[PDB]
6 protein chains.
Amino acid sequence: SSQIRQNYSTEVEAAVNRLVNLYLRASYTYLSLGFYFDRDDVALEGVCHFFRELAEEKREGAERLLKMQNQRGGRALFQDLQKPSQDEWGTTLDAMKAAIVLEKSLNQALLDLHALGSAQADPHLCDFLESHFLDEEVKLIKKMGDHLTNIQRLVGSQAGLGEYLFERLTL
Amino acid sequence: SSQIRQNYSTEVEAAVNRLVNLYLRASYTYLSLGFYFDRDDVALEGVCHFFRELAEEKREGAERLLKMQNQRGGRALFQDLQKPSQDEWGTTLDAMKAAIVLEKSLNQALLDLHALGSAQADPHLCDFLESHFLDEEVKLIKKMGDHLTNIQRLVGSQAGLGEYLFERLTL
Amino acid sequence: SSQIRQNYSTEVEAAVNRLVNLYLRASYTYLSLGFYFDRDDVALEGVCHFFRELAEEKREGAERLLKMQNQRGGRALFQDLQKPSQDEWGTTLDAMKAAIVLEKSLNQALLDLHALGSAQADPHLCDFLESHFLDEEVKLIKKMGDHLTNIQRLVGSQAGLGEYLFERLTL
Amino acid sequence: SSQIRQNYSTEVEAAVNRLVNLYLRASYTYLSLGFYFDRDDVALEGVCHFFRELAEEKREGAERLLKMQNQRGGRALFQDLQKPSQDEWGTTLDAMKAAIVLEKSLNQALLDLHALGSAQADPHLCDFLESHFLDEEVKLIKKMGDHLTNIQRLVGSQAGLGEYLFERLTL
Amino acid sequence: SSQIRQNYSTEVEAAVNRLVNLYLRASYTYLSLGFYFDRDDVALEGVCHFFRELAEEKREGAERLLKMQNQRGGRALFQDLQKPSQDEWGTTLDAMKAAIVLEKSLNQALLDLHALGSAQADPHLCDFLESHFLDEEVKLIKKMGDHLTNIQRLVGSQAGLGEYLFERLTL
Amino acid sequence: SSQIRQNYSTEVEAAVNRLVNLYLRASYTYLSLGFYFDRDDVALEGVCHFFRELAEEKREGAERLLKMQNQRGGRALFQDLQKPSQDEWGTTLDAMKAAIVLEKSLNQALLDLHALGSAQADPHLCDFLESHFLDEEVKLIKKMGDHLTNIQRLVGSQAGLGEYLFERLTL
Ligand SMILES: [Cl-]
Ligand SMILES: [Cl-]
Ligand SMILES: [Cl-]
Ligand SMILES: [Cl-]
Ligand SMILES: [Cl-]
Ligand SMILES: [Cl-]
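Parameters at a glance
Residues numbered from 1 in each chain as written, not as in the entry; some residues may be left out. Chains lettered and ligands numbered in written order. Part of a larger assembly, values for the part shown. Heavy atoms only, no water. Contact = heavy atoms within 4.5 Å. Buried area = accessible area lost by both parts, 1.4 Å probe. Salt bridge = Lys/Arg side-chain N within 4 Å of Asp/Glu carboxyl O. Helix = DSSP H or I, 4+ residues; strand = E, 2+ residues; numbered from the N terminus. Nonpolar A, V, L, I, M, F, W, Y, C, P; charged D, E, K, R; others polar. Polar contact = N/O pair within 3.5 Å; in protein donor to acceptor, adjacent residues only side chain to side chain. Patch = residues over 30% accessible without salt bridge, like charges linked within 9 Å, V, L, I, M, F, W, Y side chains within 5 Å. Areas by Shrake-Rupley, 256 points an atom, 1.4 Å probe, with all protein chains shown as cover. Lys, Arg positive; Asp, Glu negative; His and termini not counted. Charge placed at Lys NZ, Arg CZ, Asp CG, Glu CD. Buried < 20%, exposed > 50% of the residue type's maximum accessible area, 1.4 Å probe, protein only. Least-squares fit on C-alpha atoms. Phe/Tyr/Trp six-rings, centres within 6.5 Å; stacked < 30°, edge-to-face > 60°.

Undergrad: I would appreciate a short explanation of the arrangement of the chains in the present structure.
TA: If you take every C-alpha in chain C and every C-alpha in chain E, the smallest gap between them is 30 Å, and the two do not touch. Of all C-alpha pairs spanning chain B and chain F, none lies closer than 29 Å, and the two are not in contact.

The following block contains the structure:
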């Protein structure tokens, strides 16, 4: 039992460890998406770079949650990281749809945890999510929605052409 | 129905559009106050500049609310902008009293919307108001109260003299 | 009655206040067009930026007219600002057509006021419109006509593709 | 009754004045701890500097609370500052334990006030504590817990040696 | 009993601890005066800054006395800090009169302690007061007397006007 | 079947994907070791930093293997990442022993894969391991052996003292 722990519920502690698992899983998914778009038979470098950058952001999320865990006197506990849901990710469109689905699930986890922190009267947890995750997630989802719209407008008749142009002129 | 929208109530969406209307109305009021104090028969440049600067701040408020609207997947809807409540604004004192009344009504709108966001369990809205409006509004109201006190001390016997001196040495 | 006013007709004064209303209305229209193209389901950033920049130019127009009003000893009077004619603006093409219609109506207001100033023998008003509005308006209308032509050439068979390319390579 | 005060409960106002008293009392305690470790018969300069720096941080806390008090239109009221609980503070270990006890009581005061602000629907107070105190307090308590652990590992057989080494290589 | 203490009377040691209490009390008084003049209904920023700066100087005085205490091998002992004599400080005039009364009492404490050090044949104490307090106190009292005279000349018929002008053009 | 693949055996391809799994698992282990030594009740910052840096190096290893996979025309395939073998890592000594065990198993995987590449007559694979992994691994193992020796010499009678000193003066 901790020298520092104050106002830090076991329920929050545990949900924080699950969120770390989710973020790491997200990182892994993006590592898989990034290297799929680096395949010689896919070869969309801008799409590759976009997903690799998200791998990194999601790893950094987990790391910030682990630091906060320790700052509040909780105990990091790690679980198995499950492999991404797919081994091949189809088109840029398919991939960006899967990424928005993923982000909406991270975002709902963030909101679920905020609500718990709020029911537990844990304002530092609530602020920590407010300052470092909730707005970042909103901005990212807006950006992906923006991309989806542009990808979709570009499919038209000429899907290859549109995929090339999006990668070259937007990403 | 939106690709991005998550945890964003129609009630919040609508209140955000009304707040945009309020901020724009406030901007307009300050544009009118600014140009009244630029009249050759009023000629108080420091008072002019103070109100023009607030016109600009309130426009920027509306713009930030419109951006957030889009970031959450809501739909901006614009209404008629009603003209300022007055065509002539009297003394610096009169004007600063009207500006504090205006700001207290914007501030109560902000607090009403925070409360709604809080009842709707919308922590991103609550944080967004916290980070960009509530403290800014408090600081502005403090500053106007400070000015009012100084204007009032300067009326004394010699109202013209006091109005000149306030504009020259404070604004 | 004014210490400074000379050769400044009540007819000009009033038409100047109406032109201010028109410019502000134009600004508002462009604010609405700008945020429509920032929607996640429209997502054309170059179109957004083009219209936001015009919001700003039209606000600055009104501000210069209000300053001149005061410089000539007239009295600024503000009216209700009516909401933009549309809540959704369709394609880039639709939007640019609406913007040219708007600008042609501002331009005819400018010319109507010049003619009045000319009938009233008010050379300072005539010069002020000449120096700060008439050429600026011509240049803007030329630019919009240029854009319209390019948008139209790009519709061809492939409307999404053409809308993307115009926004990416021209705006 | 105030020209500026809005949504600022007498209950919050009073609790803010008590928190100011607590922070100042904390400052005083740290001033006493700092000068005890500057005694020629204690002579641990790094421990001295650590506590003097906290004296300063806690004074600055009180000052920020007094500023906010005025910004919200409340009235600062000062009380007697009670002397520190001890005139001599024993070992570095003893001192750091007393400092963690102190900080946990400041931290619980902060949380109590946040809860009150939350029950009173006072989001500006809640944000102000979130932005300037709650995380700072968590970080400080983590740091003191870190120090305690290191002090404790160093006692072992050789308490003087461990106290010297901690002061020389950590503080 | 001290390894370092030489020619340092218990009578001096104790009077030094009382002087520390006096200086801290003075600091507190000035902290209260500073925040009173930051009230929105008082709003005299130059008066605020003048008193806050004295809060700081008097804290630094106490700190230098505590350092010397330790340098001579005496033992710092802290007492209760009594609250300022007033919760509201009236006009700038009232406040500056109270500050001169306060400073004259600090100054008489300094002189009383010098006399004791002189009777005890403690030249280092006498020099320490000479080098760091007696002249500083004289200069401060001269400055406050200068301010009082200027405040008094400005009351005349027009007290608000004079209070504003003093704060704007002198402080 | 690949446009680029030449002299790249399915046996190598598969072993490369398993090595990626091993490196990622190693990264995870080091992430867990790093945050254990950041606990307030462990508090050895130099040990924390040493393991976090290895988390990063092992992630970069996996990333370089995934890039090479794609460069040779193989297909990255990801598996479940198993959780670290321990939730708590004991002393610095315990941790460094576990890290050397881990590295010896990575190193044997590297050598096993080199041998396979050598039996398959795949000189590019052999060179790639030579240039980017085998020497790096040797250097790291030497460094850990160096650390182990120093940790062990420092246990002596005084284990806490030795753990503190190693972290402060070596890491
Ligand atoms: Cl799975
Ligand atoms: Cl109206
Ligand atoms: Cl209308
Ligand atoms: Cl007491
Ligand atoms: Cl008292
Ligand atoms: Cl396992």
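Picking up where we left off.
Undergrad: Any chance you could explain the interface of chain D and chain F here in plain terms?
TA: A common way to report how large an interface is uses the accessible area buried once the components associate. On the side of chain F, 14 residues touch chain D, which itself brings 14 residues to the contact. Summed over both sides, the interface of chain D with chain F buries roughly 1,200 Å², with 57% coming from carbon and sulfur. At the boundary of chain D with chain F, the tally comes to 0 salt bridges. Counting residues per element, the side of chain D that touches chain F draws most heavily on helix 4 (residues 123-153) of chain D, which supplies 6 residues. Grouping the amino acids of the side of chain D that touches chain F by side-chain chemistry returns 5 nonpolar, 6 polar and 3 charged.

Undergrad: Explanation requested: the interface of chain A and chain F in the structure shown.
TA: Of the residues lining the interface, 30 residues belong to chain A; the matching set on chain F comes to 30 residues. The tally of links from chain A across to chain F stands at 6 salt bridges. Of the charged contacts in the structure, one is a salt bridge between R75 of chain A and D40 of chain F, with a shortest N-O distance of 3.2 Å. Linking chain A with chain F are 15 residue pairs in polar contact. For the side of chain A that touches chain F, the secondary-structure elements that each account for two or more residues are helix 1 (10-37) and helix 2 (45-71) of chain A.

Undergrad: Looking at this structure, I do not really get a negative patch on the surface. What am I missing?
TA: Residue and element names in this part refer to chain A. The grouping of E53, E56, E57 and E60 at the surface amounts to a negative patch. With respect to the secondary-structure elements, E53 resides in helix 2. For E53, a relative accessible area of 37% translates into the label partly exposed.

Undergrad: Sorry, what's going on with the environment of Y30 of chain C here?
TA: Turning to its location among the elements, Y30 of chain C is positioned in helix 1 (residues 10-37). Excluding its chain neighbours within four sequence positions, the residues that come into contact with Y30 of chain C are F51, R52, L54, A55, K58, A99, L102, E103 and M144 of chain C.

Undergrad: Hey, could you run me through the relation of the copies chain A and chain F in this one?
TA: Superposition of the two copies of the chain requires a rotation about an axis together with a shift along that axis. With an RMSD of 0.0 Å, the operation that places chain A on chain F is a rotation of 180 degrees combined with a shift of 0.0 Å along the axis. Each copy turns onto its partner about a two-fold axis. Taking C-alpha positions as reference, the residue of chain A nearest the rotation axis is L81 of chain A, located at 2.4 Å. In this assembly the copies share their binding face: 100% of the residues contributing to the interface of chain A also contribute to that of chain F.

Undergrad: Teacher, can you tell me more about the relation of the copies chain D and chain F here?
TA: The two copies are related by a screw motion: chain D maps onto chain F through a turn of 90 degrees and a shift of 0.0 Å along the axis, at an RMSD of 0.0 Å. Here the transformation between the copies is reduced to the relation of a four-fold axis.

Undergrad: How do you make sense of the packing of aromatic side chains when you look at a structure like this?
TA: We describe a pair of aromatic rings using the distance from one ring centre to the other and the angle between the two ring planes. This model, assessed by the stated rule, comprises 42 aromatic pairs over all chains. Residues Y30 of chain C and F51 of chain C carry aromatic rings whose centres are separated by 5.8 Å and whose planes lie at 15 degrees to one another, so their mutual orientation is stacked. Within this pair, whereas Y30 of chain C is found in helix 1, its partner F51 of chain C is found in helix 2 (residues 45-71), the two being separated by 21 residues in sequence. We note that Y30 of chain C, like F51 of chain C, is buried. Each ring, one from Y23 of chain D and one from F133 of chain D, has its centre 5.6 Å from the other, and the planes form 85 degrees; the classification is edge-to-face. One end of the pair, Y23 of chain D, is in helix 1 (residues 10-37); the other, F133 of chain D, is in helix 4, with 110 residues separating them in the sequence. Grouping residues by exposure puts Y23 of chain D and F133 of chain D together as buried. Three or more aromatic residues link up through ring pairs in this structure, and these residues are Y30, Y36, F37, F50 and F51 of chain A.

Undergrad: Any chance you could explain the side chain of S27 of chain E here in plain terms?
TA: All names here are of chain E. Its location among the elements puts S27 in helix 1 (residues 10-37). Owing to a relative accessible area of 12%, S27 belongs among the buried residues under this scheme. Among the polar contacts listed, one links the side chain of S27 to the backbone oxygen of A55, at a separation of 2.7 Å. If near-sequence neighbours (up to four positions away) are discounted, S27 is found in contact with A55, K58 and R59.

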